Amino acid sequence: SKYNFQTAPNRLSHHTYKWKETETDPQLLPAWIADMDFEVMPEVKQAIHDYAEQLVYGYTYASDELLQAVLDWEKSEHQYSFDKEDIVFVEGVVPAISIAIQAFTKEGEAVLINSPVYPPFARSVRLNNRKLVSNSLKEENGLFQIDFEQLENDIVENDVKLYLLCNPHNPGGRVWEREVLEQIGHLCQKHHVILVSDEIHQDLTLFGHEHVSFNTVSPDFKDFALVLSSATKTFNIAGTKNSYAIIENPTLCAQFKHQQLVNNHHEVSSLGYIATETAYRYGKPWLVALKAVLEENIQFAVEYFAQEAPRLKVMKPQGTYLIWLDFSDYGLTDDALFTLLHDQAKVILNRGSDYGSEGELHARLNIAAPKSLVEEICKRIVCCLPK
């Protein structure tokens, strides 16, 4: 218990998204947006104090030490070896997604996602005036799976140019096996599709599930695929605004960097650089401790819901700290479910329908909070469900 996973810091004065509603209605307990109600690792807090003590807060660049820290993290944690020149810093992963869409496709061309998925995927495609192709995931034995026949159909019928892959997949928390990723890659090679693998949850695979970074699947995958990740989801530092793309293919790397500069989206803040380097240098023990806490919270929620709401269908995450809940067996509409949870149960969960039509009558639950808070949130979710 060296690190504090037992007590949530009070965030009410910090202008957070997560606790905003609670500031007006103190009864509301938020468990929606993916940041954590855990204190950040102490080395990052110290690094922010140390930044203050620089005294001058001018223009800074991404250092060789930061580049090496990213290289070292990827090698040590994900067995992914590349060169410092392959790293492109971006203030966030969602920014990187828009840059990729703009760099690798033209207006009107088709971009494929596996639905239901993180809403900025569909939004970034549509707002960019690209054609969205939603490849609907199957649900079998409590897990999402890809229908590869329909995936190929979706690619061919729509002349898909870009595939935005989520790995681990949010929502659901699906940690794709190497064999699944290999089939995806072969389809991209066949049909000349560029693949962007959003691996922001890569450090949060649980219960023995192992993240397989996309370009580690086959040595040639870097010819068409790039990887996005960050320290921010792993270490709860989203407000520091830094992330990266690993782009080993020279042409793809130049294309991305060019579009990033066209958009004047090439700079990152000083603390963005500092916090990522610090997290990667010092964060491993904290991450190990976090993952044990997350596993306990998830197991608790699954068992509690099984006992108190056996009609509630719970997808057990293989990774991420987010649980996908299916209220389909209840006599509720999508809107009535939202009103029930928010107004009667006083719990704020993400509306599943935000993620696509497959999310109708679902909600997403964030369990990256102390066990006592998770216990209360689960109690509230089961309190008011209709007979």
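Residue numbers run from 1 along the displayed sequence.
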query	finding
Greater mean Cα temperature factor according to the PDB record, 228 to 236 or 80 to 88	80 to 88
Between the two ranges 135 to 143 and 122 to 130, the one averaging a larger CA B factor in the entry	135 to 143
Of the residues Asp35, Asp334, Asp354, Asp326, the one carrying the largest Cα B-factor as recorded	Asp334
Criterion, highest CA B-factor; candidates, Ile48, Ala31, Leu28, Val40	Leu28
Record-listed C-alpha B factor of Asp203: chain third	lowest
Chain-wide C-alpha B factor ranking for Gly172, given as lowest, middle or highest third	lowest
Third of chain Cα B-factors occupied by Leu340	highest
CA B-factor placement of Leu294, once the chain's modelled residues are sorted into thirds	middle
Third assignment of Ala69 from its chain's C-alpha B-factors	middle
